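Observations on the model geometry
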Amino acid sequence: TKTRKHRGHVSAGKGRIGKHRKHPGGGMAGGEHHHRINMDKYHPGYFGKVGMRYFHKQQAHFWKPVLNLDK
Amino acid sequence: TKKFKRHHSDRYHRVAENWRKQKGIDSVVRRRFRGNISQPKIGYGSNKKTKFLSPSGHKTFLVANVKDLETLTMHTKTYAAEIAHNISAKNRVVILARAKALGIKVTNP
Amino acid sequence: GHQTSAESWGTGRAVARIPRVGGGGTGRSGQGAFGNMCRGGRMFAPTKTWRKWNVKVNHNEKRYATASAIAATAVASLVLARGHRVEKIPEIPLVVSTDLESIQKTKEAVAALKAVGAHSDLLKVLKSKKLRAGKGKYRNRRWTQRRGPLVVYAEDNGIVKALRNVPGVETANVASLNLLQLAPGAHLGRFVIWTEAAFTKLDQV
Amino acid sequence: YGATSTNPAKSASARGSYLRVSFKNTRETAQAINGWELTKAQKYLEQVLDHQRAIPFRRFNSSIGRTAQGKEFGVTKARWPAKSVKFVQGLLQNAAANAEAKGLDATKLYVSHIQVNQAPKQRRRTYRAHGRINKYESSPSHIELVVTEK
Amino acid sequence: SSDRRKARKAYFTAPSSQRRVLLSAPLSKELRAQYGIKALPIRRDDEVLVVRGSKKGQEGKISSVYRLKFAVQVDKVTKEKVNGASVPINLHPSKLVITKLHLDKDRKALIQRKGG
Amino acid sequence: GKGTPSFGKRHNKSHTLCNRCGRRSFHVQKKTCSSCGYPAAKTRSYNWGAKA
RNA sequence: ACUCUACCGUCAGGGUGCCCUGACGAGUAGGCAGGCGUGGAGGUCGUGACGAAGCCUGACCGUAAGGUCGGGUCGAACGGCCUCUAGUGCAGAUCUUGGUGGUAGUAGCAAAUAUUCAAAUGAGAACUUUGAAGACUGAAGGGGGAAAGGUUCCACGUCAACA
RNA sequence: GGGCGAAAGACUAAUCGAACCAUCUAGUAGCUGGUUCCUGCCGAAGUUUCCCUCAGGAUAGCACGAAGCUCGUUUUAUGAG
RNA sequence: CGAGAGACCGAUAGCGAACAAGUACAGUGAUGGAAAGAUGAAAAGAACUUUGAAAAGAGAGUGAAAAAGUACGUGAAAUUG
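Residues numbered from 1 in each chain as written, not as in the entry; some residues may be left out. Chains lettered and ligands numbered in written order. Part of a larger assembly, values for the part shown. Heavy atoms only, no water.

This deposited entry lists cryo-EM as its structure determination method and 8.90 Å as its resolution.

Chain E carries the name 60S ribosomal protein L26(A) in the PDB entry, which gives Thermomyces lanuginosus as its organism. Listed as the entry title in the PDB record is "Structure of the 80S rRNA and proteins and P/E tRNA for eukaryotic ribosome based on cryo-EM map of Thermomyces lanuginosus ribosome at 8.9A resolution".

As recorded in the PDB entry, chain D goes by 60S ribosomal protein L17(A) and comes from Thermomyces lanuginosus.

**Section: the overall build of chain D**
Of regular secondary structure, chain D possesses 3 helices and 6 strands. Walking chain D from its N terminus toward its C terminus, one meets helices and strands in the order β-α-α-α-β-β-β-β-β. Along the longest, intermediate and shortest principal axes, the C-alpha atoms of chain D span 60 × 35 × 20 Å. Burial analysis of chain D (150 residues in total) assigns 35% to the buried set. Sequence-distant contacts, at least 24 apart, represent 72% of the contacts inside chain D between residues at least 6 apart. Approximately 9,200 Å² of chain D is accessible, and the part contributed by carbon and sulfur atoms is 47%. Where the 26 positive side-chain charges of chain D centre and where its 10 negative ones centre are 13 Å apart. (Helix = DSSP H or I, 4+ residues; strand = E, 2+ residues; numbered from the N terminus. Buried < 20%, exposed > 50% of the residue type's maximum accessible area, 1.4 Å probe, protein only. Contact = heavy atoms within 4.5 Å. Areas by Shrake-Rupley, 256 points an atom, 1.4 Å probe, with all protein chains shown as cover. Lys, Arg positive; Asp, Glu negative; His and termini not counted. Charge placed at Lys NZ, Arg CZ, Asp CG, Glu CD.)

**Points about the pattern of salt bridges**
Oppositely charged side chains are able to pair whenever their charged atoms sit close together. All names here are of chain B. In the structure shown here, the tally under the stated rule is 19 salt bridges over all chains. The residue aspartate 26 makes a salt bridge to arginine 30 at a minimum N-O spacing of 3.3 Å. Relative accessible area serves as the criterion here: at 34%, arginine 30 is assigned to the partly exposed category. When salt bridges with common partners are traced through the structure, they connect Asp26, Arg30 and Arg31 into a single cluster. (Salt bridge = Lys/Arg side-chain N within 4 Å of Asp/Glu carboxyl O.)

**Focus on the arrangement of the chains**
Taken together, the 3 pairs of chains in contact show their highest number of contacts between chains C and E. No interface is formed between chain A and chain D, the nearest pair of C-alpha atoms being 41 Å apart. Separated throughout, chain B and chain F approach each other most closely at a C-alpha pair spaced 39 Å apart.

**A closer look at the layout of surface pockets**
With a probe scaled to a water molecule rolled over the atoms, the places where space remains empty come into view. Empty space within the largest pocket amounts to approximately 700 Å³. Taken together, 24 residues line the largest pocket, and the ones lying closest to its centre are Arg20, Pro41, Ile42, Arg43 and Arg107 of chain E. Computed from the structure, the second largest pocket encloses a volume of approximately 440 Å³. Forming the walls of the second largest pocket are 18 residues, and the residues nearest its centre are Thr66, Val174, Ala175, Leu202 and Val205 of chain C. Per element, the largest residue contribution to the lining of the second largest pocket is 6 residues, and it comes from helix α1 (residues 62-71) of chain C. The residue inventory of the lining of the second largest pocket, partitioned by class, reads 11 nonpolar, 4 polar and 3 charged. (1 Å grid on protein atoms, 1.4 Å probe; cavity = no way out; pocket = protein on both sides within 12 Å on 5 of 7 lines; lining within 4 Å. Points joined across faces, edges and corners; volume = space filled by probe spheres on them. Nonpolar A, V, L, I, M, F, W, Y, C, P; charged D, E, K, R; others polar.)

**As for empty space enclosed by the protein**
Residues and elements named next belong to chain E. Per the counting criterion, the structure on display carries 1 cavity of 30 Å³ or more. If you add up the space inside the largest cavity, you get close to 50 Å³. Lining the largest cavity, in full, are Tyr35, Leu40, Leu101, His102, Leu103, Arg107, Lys108 and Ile111. Partitioning the lining of the largest cavity into residue classes produces 5 nonpolar, 1 polar and 2 charged.

**Notes on the sheet that holds strand β4 (residues 192-194) of chain C**
Residue and element names in this part refer to chain C. With parallel pairing, the 4 strands of this open sheet are ordered in space as β1-β4-β2-β3. With partners counted over all chains shown, the strands left at the sheet margins are β1 (94-95) and β3 (170-172), one partner each. As defined by bridge partners, strand β2 (residues 150-152) adjoins β4 across 2 bridges and the pair is classed as parallel. Bridge pairing links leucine 150 to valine 192 in β4. (Pairing = 2+ DSSP bridges.)

**What to know about the pairing of strand β3 (residues 72-79) of chain E**
Side-chain positions along a regular strand alternate between the two faces of the sheet. All names here are of chain E. The pairing of strand β2 (residues 59-62) with β3 spans 2 bridges and is classified as antiparallel. Considered in β3, the bridge of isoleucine 62 is made with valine 74. Pairing of β3 with strand β4 (residues 87-91), which is carried by 5 bridges, proceeds in the antiparallel orientation. Paired with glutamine 73 across the two strands is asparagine 90, which belongs to β4.

**Some details on the packing of aromatic side chains**
Aromatic ring pairs are reported here in terms of the distance separating the ring centres and the angle at which the planes meet. This model, assessed by the stated rule, comprises 6 aromatic pairs over all chains. Consider the rings of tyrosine 46 of chain F and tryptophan 48 of chain F, whose centres lie 6.1 Å apart with planes at 55°: the pair is tilted. Here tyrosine 46 of chain F falls in the partly exposed class, since its relative accessible area comes to 45%. For the cation-ring pair, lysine 64 of chain A lies above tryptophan 63 of chain A, with the distance from its terminal atom to the ring centre recorded as 3.9 Å. Sitting over the face of the ring of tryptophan 143 of chain C, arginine 142 of chain C holds its NZ or CZ atom 3.7 Å from the ring centroid. (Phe/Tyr/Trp six-rings, centres within 6.5 Å; stacked < 30°, edge-to-face > 60°. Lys NZ or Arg CZ within 6 Å of the ring centre and 35° of its normal.)

**So, unusual backbone geometry**
Cis geometry marks the peptide bond from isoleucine 92 of chain C to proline 93 of chain C; its omega dihedral reads -5°. By secondary structure assignment, the location of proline 93 of chain C is in the loop between α2 (76-82) and β1. Cis geometry marks the peptide bond from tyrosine 38 of chain F to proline 39 of chain F, where omega comes out at -10°. Backbone geometry places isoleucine 37 of chain B, a non-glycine residue, at a positive phi of 55°. Note on placement: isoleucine 37 of chain B falls in the segment before α1 (89-103). A positive phi angle, near 70°, is found at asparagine 157 of chain C, a position not held by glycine. Tracing the chain through its elements places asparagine 157 of chain C in the loop between β2 and β3.

**Some details on the protein's contact with RNA strand G**
The immediate surroundings of RNA strand G are formed by 98 residues, with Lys48 and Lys90 of chain B, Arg82 and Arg147 of chain C together with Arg123 of chain D found nearest. Each atom of RNA strand G within 4 Å of the protein was assigned to sugar, phosphate or base; sugar and phosphate come to 76%. In the environment of RNA strand G, a phosphate oxygen lies 3.1 Å from a nitrogen or oxygen atom belonging to the backbone of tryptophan 19 of chain B. A distance of 3.3 Å separates a sugar or linking oxygen of RNA strand G from a polar backbone atom of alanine 45 of chain C. Counting residues per element, the ones that place at least two in the surface near RNA strand G are α1 (3-7) of chain A, α1 of chain B, α4 (135-138) of chain C together with α1 (23-31) of chain D. (Near = heavy atom within 4 Å. Polar contact = N/O pair within 3.5 Å; in protein donor to acceptor, adjacent residues only side chain to side chain.)

Written as structure tokens, this is what we have:
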């Protein structure tokens, strides 16, 4: 929303002139190999699985109070 | 003394002649030249000492409508001491009959 | 914008690759809504009802802000500066009795404000207001009533209609006494006329 | 028009606007009678409308014949306009008629103004081959003739 | 609502019931001080007078009243023609004020019905 | 050129006009109609016949 | 440059108000700061028909940004104060909405079936119309029906647009 | 993707190697082009580990912006053509 | 169908369209579809006189002003004396 800097330069949201979908590298990226995207020799991606999922830690799992002895 | 323009104005009409920055790559006044004009810097211009002329260096005070009339002086506002044009001819004549009747010059009669 | 069809064609005829003329199209360009640089196609940022206007705020800032704005009334200099005025400089904000409720007509109301000394806030409007530009010249934005002295009620709910009708006044309650009623147009310090029962209802925060 | 009605006591004129007519031939005919007084002017137009003399063209060029009758100034080229000239001759006639209505010295008056204006187009179309329509528009010459008191 | 053209919408394509009223002009001071009424609608054989205008405070009558046009011809505001005919000539009835109100059958009972 | 003067034959007259609508693809052979139908079943208002 | 001395730019220290004053200051990306900016608005009094916005023209401070005053003129609109909000600064993709320029009054002026002369009428006549006379075709410039179209024929009536 | 062949994908409203019209559709373009105030503070880089990777980009080299602090001239030797 | 209002336009905007915009027109064709607003208080919209053939050009009247004259707001330039 810096209308002064953005419209009187047109570099804001772009960078240098011919930067199109090479620069963000498409949008997303996958797991394994592909050409000219933002994947490369990255450290995130691997493992994938979100959540500490187990059949003990779901429904009917009763919660504990926040209760120290000195607190 | 060498007057300034925006460049390419002498070529075609699609140029606003007020000064714009020489934006991207090469231009004769970018890499600094004193011939085909210059690029305006803060080295040029009037200094931190002065400001505001008349043939007696006198600053104005616009006394438009009958809001604050009794504020106009006859010292630094001796030469320039105007009214306001957008404010009616009725008010103009009323202010002038007080303002110029201090002991000052005003441009309009 | 999609109320026309205009196609690409290119060279071989007098039209560009840009959708200008096709299946119709006089000064109605675009295949759908396309061509903002083209006149009668689309817009750059076409305004939408989906995008936000209404925003959040704290409730604990609401009761602080009304307290701060009325604290600016208790200093006399803030009041008489901005736009609001007063003859009686000390003992601000003004507190009258519950005889404010015993006012029927605006003829009696103007006379009451005359006597106590809150009348230079009342008479201040000389000429009216005509219009101003845009949606100022179109709809109900012509005649506006001055936010002059505020009147504050006590016993809640049904406030005084007698002191709606004073030239350049407001009516309000002690509980219902919002942000715009104390600080209209940013800066603080609007004159408030309380009653006896209203100013002891104000003994909360 | 171009020129003013310099005073209605001195003036006498006649218009002739929005004509389908050759554009260069109207103002080139106008040159050779402008400045010249009305008795010389009317003679020149009735000569070139008949067979006698040409009008030497000056302001305009194009493929036009140089010949012995190119003299008006030190000019070589000329052409001999006809249906253009019959229009301009009518303006000399009415301006001289209404100059006697004022009570001047009509035939001996100075021709102050005559040229031609153009601005909007009078849009006409004619066809050409291959499902085609090209421009076929007329040039609206605004021909006046002011005489002043002389 | 608060709208110039959309307020005029109702005035323009007004029904014939409302066009009775919208043939309006004020009443004179001794008609108000006789009865009470603000305005009453304007008809042909009323004696009329011009309020605001250069035709200032002159005597007149009305010649014609018109339904859709709203404008009325005013007698005594009379010019000629190129052919030379002394015609009554138009005015919009807001520029007028009536001095006559008739009694009649039961316009007598209209102005003194249930409220009056 | 194969086109326009050959189309100027038109001995076989395909389409005439519709009664209810004005869609003149009312073929004497096929008896079709792209608009409301002639003959119809229900009113043939089709959704793809508009963009806006 | 070297060199004299002064002046312009941000910041430091001593002591507020800021002044002394060091070191450097060619410049494209880029970031920050500061300043000028439209539509709109809580505000709104102030200005107005004894002459408002506007149109048009002159004066016209100096930091690059574009704004106050004044004159000719308008016949109703809009800013002190005080601060928040948006479709917010133009020279350009063989682009987009239209007029106007350009070649140009130049070419074209429609497949080589001669035309000459006299009149009627009239404001104007080679062309309408009529006469004298000649070119020209006569398996069509003669004659004549269906599809297709649908009143275009006809008499009456006009010379403007339009040929 | 059917109609059709003594063949030439000739042929289907000037479109036929898959008719035309309309809608979903503003399909999409890893590529190219165009793109709107000013001054001041102040201002580099064309180098690399590495890739089914090559007109790109994770990382590193170098100076952005902001807060808090940070030299060497040269003397004794030691290692290597 | 009616009413009211929103930080919501003032003839390139917005409903196709403010106005005889589906009506002089164009396509076989559900369809495409332009040009396009306008006096004053009162029309009194120029009698009468004079010149020219109508067009065109001058005196004279009406009216608050004709420095409001019907093609009726303010008006710039290419064009154009």
